[PDB]
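Quick notes on the structure that follows.
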Amino acid sequence: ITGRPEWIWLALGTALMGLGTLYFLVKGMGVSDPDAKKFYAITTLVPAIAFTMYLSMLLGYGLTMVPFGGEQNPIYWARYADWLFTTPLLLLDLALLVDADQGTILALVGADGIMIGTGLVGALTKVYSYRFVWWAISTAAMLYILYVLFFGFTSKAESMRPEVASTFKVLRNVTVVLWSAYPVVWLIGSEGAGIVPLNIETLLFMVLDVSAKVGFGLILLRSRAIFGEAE
Amino acid sequence: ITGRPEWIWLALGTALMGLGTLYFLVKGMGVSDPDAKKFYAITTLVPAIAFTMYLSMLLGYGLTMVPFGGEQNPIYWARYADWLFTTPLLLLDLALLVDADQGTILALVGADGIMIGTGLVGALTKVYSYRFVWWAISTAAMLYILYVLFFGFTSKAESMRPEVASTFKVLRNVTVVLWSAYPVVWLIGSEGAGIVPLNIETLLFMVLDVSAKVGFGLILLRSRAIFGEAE
Amino acid sequence: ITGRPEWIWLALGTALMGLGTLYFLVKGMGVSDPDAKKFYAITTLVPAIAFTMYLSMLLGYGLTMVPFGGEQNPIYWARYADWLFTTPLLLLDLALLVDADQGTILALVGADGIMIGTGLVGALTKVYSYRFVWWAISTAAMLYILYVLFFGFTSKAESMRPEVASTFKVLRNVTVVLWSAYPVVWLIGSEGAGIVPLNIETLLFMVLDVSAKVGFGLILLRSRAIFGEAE
Ligand SMILES: CC(C)CCC[C@@H](C)CCC[C@@H](C)CCC[C@@H](C)CCOC[C@@H](CO)OCC[C@H](C)CCC[C@H](C)CCC[C@H](C)CCCC(C)C
Ligand SMILES: CC(C)CCC[C@@H](C)CCC[C@@H](C)CCC[C@@H](C)CCOC[C@@H](CO)OCC[C@H](C)CCC[C@H](C)CCC[C@H](C)CCCC(C)C
Ligand SMILES: CC(C)CCC[C@@H](C)CCC[C@@H](C)CCC[C@@H](C)CCOC[C@@H](CO)OCC[C@H](C)CCC[C@H](C)CCC[C@H](C)CCCC(C)C
Ligand SMILES: *C/C=C(C)/C=C/C=C(C)/C=C/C1=C(C)CCCC1(C)C
Ligand SMILES: *C/C=C(C)/C=C/C=C(C)/C=C/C1=C(C)CCCC1(C)C
Ligand SMILES: *C/C=C(C)/C=C/C=C(C)/C=C/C1=C(C)CCCC1(C)C
Ligand SMILES: CCCCCCCCCCCCCCC
Ligand SMILES: CCCCCCCCCCCCCCC
Ligand SMILES: CCCCCCCCCCCCCCC
Ligand SMILES: CCCCCCCCCCCCCC
Ligand SMILES: CCCCCCCCCCCCCC
Ligand SMILES: CCCCCCCCCCCCCC
Ligand SMILES: CCCCCCCCCCCCC
Ligand SMILES: CCCCCCCCCCCCC
Ligand SMILES: CCCCCCCCCCCCC
Ligand SMILES: CCCCCCCCCCC
Ligand SMILES: CCCCCCCCCCC
Ligand SMILES: CCCCCCCCCCC
Ligand SMILES: CCCCCCCCCCC
Ligand SMILES: CCCCCCCCCC
Ligand SMILES: CCCCCCCCCC
Ligand SMILES: CCCCCCCCCC
Ligand SMILES: CCCCCCCCC
Ligand SMILES: CCCCCCCCC
Ligand SMILES: CCCCCCCCC
Ligand SMILES: CCCCCCCC
Ligand SMILES: CCCCCCCC
Ligand SMILES: CCCCCCCC
Ligand SMILES: CCCCCCCC
Ligand SMILES: CCCCCCCC
Ligand SMILES: CCCCCCCC
Ligand SMILES: CCCCCCCC
Ligand SMILES: CCCCCCCC
Ligand SMILES: CCCCCCCC
């Protein structure tokens, strides 16, 4: 395990996701409100899935070698397995907060699936120049998602409770900033142009992942917006 | 890319799915009705997914070699990745049109999953005679789906709005004819008996795919059946 | 096929799932009640999926070799493909019976996904001692599911119809006993410590699978709890 310099960040990531999972699990024990239960379920599952995939990367299972540029390049494929399930759960948290219509939710989840799926294909593609074609398609799917979060959701939040409108606005802003960093790190890291070494890349993704999951969850689950308006 | 004679049909397929995706995306921009949004979301996602998988076939990612009959046989596995997601979306379009009950929708999607999954296993099976066992099981799942579309849905459409009944009937008929061709092409093509060469097989699937997705979508999204009855 | 001593149990399993599938399919033909249709759909799909995966194991497709302990160890990976889809369907049968809230259903299905997914990783892991780390995480996800079935569902059933409360209690008890055997068989069988040989392991899983699917389904589909209260 320690044979890879990036192991320290995989281990820290595993620990922080594990701790985040346990914290949300305990916190949600005292919850009976049916609406709050939905948000706790979604939000606890996110770091639990990430915990398993960080562990698989730490132990070496979630790593494969991909030939491109005349080299055997270490590619952590387990990231995409994580993201396939956790990024639509994160979007679902946002969509339920603002009572999004079903068509909009399906558009978001579908675009998200395309985003992660094409990122996976790009990560595993052996023809170097083609990796960036997949990156571009994935990034276009991301831009669609960000567009919807701003010009379909923000003006939906404003007709809702003030506490859900303010909580949505904060989580929207956190999401757009954090999620936009992922394609940049991929592009300059070992999957793309290879300018930033894998150990630093792994650190960067770990900070983004913990912030986008445990950070996000801490903000959401401390808000009164997750509860039905009750006396 | 041009090293494979079937590349021209993969390229045309990619282009037509891409163009179809953009057309539906633009067309749905001016839509606020919650019901119509569902149909636009579902129907736009279908060629978008197909676009990505056609591209993966064009660039060579979605192709693998399978030993059977003492030969290395080129198998485009990306078709099944496409179909796994797009065929239940197509069925969902039909089921929502007639306000199908939840049990029926689950039966359809489940049978569809079995249909595509067993087709994938058959496509990748190395014992030649066993490929046709999987083809038979998949075809039985197809026949179940077609049965339900006729003797569970058609008589559901008739108690609904005339515009939804007439639109459903047309899309049902398009679906049954087009979908029934797929097992025949598989059986006589490079996956099955090998009587029709891969380049012609690829052409045939491209025509079926564009018709079943973009053709289907053009009929559906031009109907007033996708809108709630409103003043 | 007969080259593997466990083939007889794979063949019997295939037959019993096939027969169970046909029986439930015929039985549900005379059903119009929308609630009952949901239970028939879910419950018929379960042995149908299991039938396909038992067949893939019989024909040899669903088997791979995994190096650990200095040996090439036969691992039937198709079990996890089965279980990935059938265990959440089984939980859905239970959850719908007691009209579980959406948050609880998502927690169950999510924990179940983690349970099966980590079992799959453990089954395919090449570092022997690490296989048991994945077994432990999977078992913890199982224990969460069993906890919810007892201390979240049982007291939900009691405020419902007596026929649904009594049917739920029986199916809950069947589920907890049968499902708890699976991690034990894995641990002592060819995936784990290797004390019980593969042919006996295969027998054990076949008895558990038929009981947990066809047995379970026979109890559920003969109950009046699956019908809406109607005059
Ligand atoms: C509604 C939304 C969910 C829409 C989803 C959007 C989605 C369509 C976007 C594209 C997803 C698609 C790229 C998934 C591809 C998975 C694939 C990378 C798995 C690895 O297999 C690739 C090659 C080795 O590089 O296998 C070597 C050759 C092997 C023989 C491969 C044969 C097995 C195939 C992988 C079977 C395909 C199954 C499905 C792709 C399962 C989806 C997995 C998940 C990653 C989407
Ligand atoms: C409700 C509905 C959705 C019901 C669904 C119906 C469904 C059950 C029908 C059968 C689906 C099943 C056949 C999927 C099999 C996928 C498999 C072909 C992927 C390729 O792996 C096959 C071999 C190489 O040929 O791998 C070589 C050996 C490798 C070590 C394989 C180990 C990895 C396994 C593939 C893990 C299994 C994961 C699940 C099958 C994911 C499902 C993918 C999708 C195609 C259904
Ligand atoms: C809401 C709930 C559903 C939550 C779900 C919980 C879930 C997160 C729990 C963990 C699931 C995760 C372990 C699935 C891993 C599948 C993996 C074993 C498939 C086989 O690939 C493993 C190695 C060979 O051993 O591939 C060799 C290297 C290859 C290059 C691998 C590259 C292809 C990757 C497999 C692509 C990943 C796609 C997704 C994992 C699809 C999920 C399949 C299913 C088994 C969950
Ligand atoms: C918890 C994990 C999260 C929130 C991950 C988010 C990841 C993305 C938004 C990834 C986006 C990518 C692209 C837009 C193109 C390049 C490849 C990706 C997959 C890194
Ligand atoms: C957009 C793509 C569509 C609508 C594809 C539909 C495909 C089918 C109905 C495929 C059916 C098959 C069988 C019935 C058995 C042989 C294998 C298949 C998968 C080709
Ligand atoms: C129809 C099949 C059923 C109901 C299978 C149930 C399987 C399980 C509950 C498996 C559990 C496992 C663990 C808890 C850890 C070890 C690995 C598994 C996957 C066997
Ligand atoms: C969105 C953030 C992307 C920028 C990442 C900056 C990383 C700087 C680290 C120094 C680069 C290491 C190069 C020498 C090894
Ligand atoms: C459902 C349509 C299946 C029939 C396809 C007919 C294809 C005819 C093309 C000629 C066959 C090529 C054989 C000589 C290369
Ligand atoms: C939950 C049941 C696990 C116990 C399984 C008992 C199997 C006993 C069979 C005898 C073991 C075979 C060892 C000699 C080959
Ligand atoms: C490819 C995996 C996509 C599914 C991820 C799980 C999250 C799905 C959330 C469903 C949202 C509800 C839509 C109506
Ligand atoms: C194996 C992939 C199956 C899921 C495909 C995505 C479409 C699912 C549509 C869900 C229909 C709603 C059922 C209640
Ligand atoms: C990884 C596969 C998980 C999906 C299995 C299919 C069963 C899903 C049942 C959905 C229950 C409804 C939740 C709201
Ligand atoms: C186009 C929608 C406006 C809100 C999205 C902001 C786009 C940020 C760009 C992210 C950088 C990705 C490379
Ligand atoms: C049995 C349901 C009647 C409607 C379905 C028509 C079946 C068409 C056969 C398709 C050919 C597949 C090989
Ligand atoms: C902790 C919840 C109480 C009900 C679950 C009973 C646990 C049975 C243990 C199963 C054995 C697995 C190794
Ligand atoms: C070796 C790099 C070749 C450049 C490929 C860039 C493609 C980016 C596509 C953006 C439309
Ligand atoms: C393919 C990228 C699309 C980003 C711009 C959004 C187009 C308008 C969509 C309106 C729902
Ligand atoms: C080499 C071909 C052997 C014939 C197999 C046909 C099987 C079809 C099954 C239909 C019930
Ligand atoms: C070779 C076996 C080494 C023992 C590993 C047991 C790990 C079990 C983890 C339970 C917390
Ligand atoms: C509760 C702490 C969980 C941390 C387990 C994984 C950390 C890796 C240590 C090497
Ligand atoms: C908008 C046109 C999209 C076409 C891109 C793929 C066509 C392949 C050209 C070689
Ligand atoms: C209807 C009987 C189904 C049995 C088919 C599979 C049994 C395997 C026989 C070798
Ligand atoms: C993006 C950083 C999130 C910070 C989380 C802090 C949570 C405290 C309530
Ligand atoms: C099956 C062929 C479909 C033809 C689509 C034409 C759409 C015009 C409205
Ligand atoms: C766990 C054993 C189940 C027994 C099923 C018998 C069904 C008869 C109604
Ligand atoms: C990591 C366990 C958290 C302890 C409880 C925190 C207050 C709910
Ligand atoms: C008003 C919300 C500001 C949140 C910005 C957080 C940036 C990481
Ligand atoms: C809305 C601001 C987006 C900031 C992008 C930051 C990418 C590192
Ligand atoms: C391909 C872009 C379509 C242009 C608009 C068509 C009329 C909505
Ligand atoms: C009355 C609907 C006829 C549609 C037939 C289309 C055949 C491709
Ligand atoms: C309902 C008519 C079906 C026609 C099947 C055509 C197959 C090529
Ligand atoms: C296996 C076929 C079952 C025959 C009908 C049983 C009574 C519904
Ligand atoms: C009162 C329900 C008892 C069911 C026990 C079944 C054990 C296999
Ligand atoms: C509730 C009793 C569980 C019995 C476990 C049996 C495991 C073989």
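Hydrogens, waters and symmetry mates play no part in the numbers below; they use all other heavy atoms, side chains included. Residue numbering restarts at 1 for every chain, and letters A, B, ... go by the order of the sequence lines. When a ligand or atom number is given, it counts from 1 through the structure's own listing order.
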Is the terminal nitrogen or CZ of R131(B) (NZ for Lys, CZ for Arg) located under 6.0 angstrom from the six-membered ring centre of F68(B) and within 45° of that ring's axis? yes

Got a donor-acceptor contact below 3.5 angstrom from the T104(C) side chain to the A100(C) backbone? no

shortest atom 7 (C) of ligand 17-to-protein heavy-atom contact is with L25(B) CD2, 4.2 Å

Less than 3.5 Å apart, any donor N or O on the side chain of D82(C) or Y54(C) sitting next to an acceptor on the other? no

Please write down residue, atom name and distance for the protein heavy atom closest to atom 17 (C) of ligand 5. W186(B) CD1, 3.7 Å

Would you say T43(C) and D93(C) are linked by a side-chain donor-acceptor pair, where the criterion is simply a distance under 3.5 Å? yes

Partner set under side chain to side chain donor-acceptor pair (under 3.5 Å) for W77(C), not counting sequence neighbours: none

Counting only non-hydrogen atoms of the protein, does one fall under 4.0 Å from atom 10 (C) of ligand 17? yes

For ligand 5, is any non-hydrogen atom under 4.0 Å from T118(B)'s backbone (N, CA, C, O), its side chain (CB onward), both, or neither? neither

Ignoring hydrogens and angles, tell me if any N or O in the side chain of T44(C) forms a donor-acceptor pair with the backbone of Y40(C) under 3.5 Å. yes

Taking only heavy atoms of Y147(A) into account, list the atoms of ligand 17 that are under 4.0 Å away from them. 10 (C)

Taking only non-hydrogen atoms of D209(B) and a 4.0 Å limit, the atoms of ligand 5 in range are 2 (C)

Are any side-chain N or O atoms of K37(C) and backbone N or O atoms of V31(C), one a donor and one an acceptor, separated by less than 3.5 Å? no

Consider only side-chain N and O atoms of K126(B) and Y61(C), and report whether a donor and an acceptor are under 3.5 Å apart. no

May I ask you to identify the nearest protein heavy atom to atom 1 (C) of ligand 5, giving residue, atom name and distance to one decimal place in Å? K213(B) NZ, 1.3 Å

I need the atoms of ligand 5 closer than 4.0 Å to a non-hydrogen atom of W135(B), numbered in the order shown. 15 (C), 16 (C)

For atom 2 (C) of ligand 17, what is the closest protein heavy atom, and at what distance to 0.1 Å? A140(A) O, 3.9 Å

Donor-acceptor contact present, side-chain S180(A) to main-chain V177(A), <3.5 Å: no

Taken in chain and number order and not counting sequence neighbours, the residues that satisfy side chain to side chain contact (heavy atoms under 4.5 Å, CB included) with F132(B) are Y128(B), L187(B)

Answer with side chain, backbone, both or neither: which part of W179(B) has a heavy atom less than 4.0 angstrom from an atom of ligand 5? both

Of the choices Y144(A), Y40(B), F151(A), which has the non-hydrogen atom that lies closest to atom 4 (C) of ligand 17? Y144(A)

Decide whether the shortest distance between a heavy atom of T87(B) and an atom of ligand 5 is less than 4.0 Å. yes

Which residue and heavy atom of the protein sit nearest atom 13 (C) of ligand 5, plus the separation: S138(B) OG, 3.2 Å

Protein heavy atom at shortest distance from atom 8 (C) of ligand 5: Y182(B) CB, 3.5 Å

Could you list the residues that satisfy side chain to side chain donor-acceptor pair (under 3.5 Å) with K38(A), not counting sequence neighbours? none

Looking only at atom types and distance, does a side-chain atom of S223(B) sit under 3.5 Å from a main-chain N or O of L220(B), one as donor and one as acceptor? no

Per-ligand residue contacts, ligand 11, heavy-atom threshold under 4.0 Å: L84(B), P88(B), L92(B), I105(B)

For the rings on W83(A) and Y182(A), is their centre-to-centre separation under 6.0 Å? yes

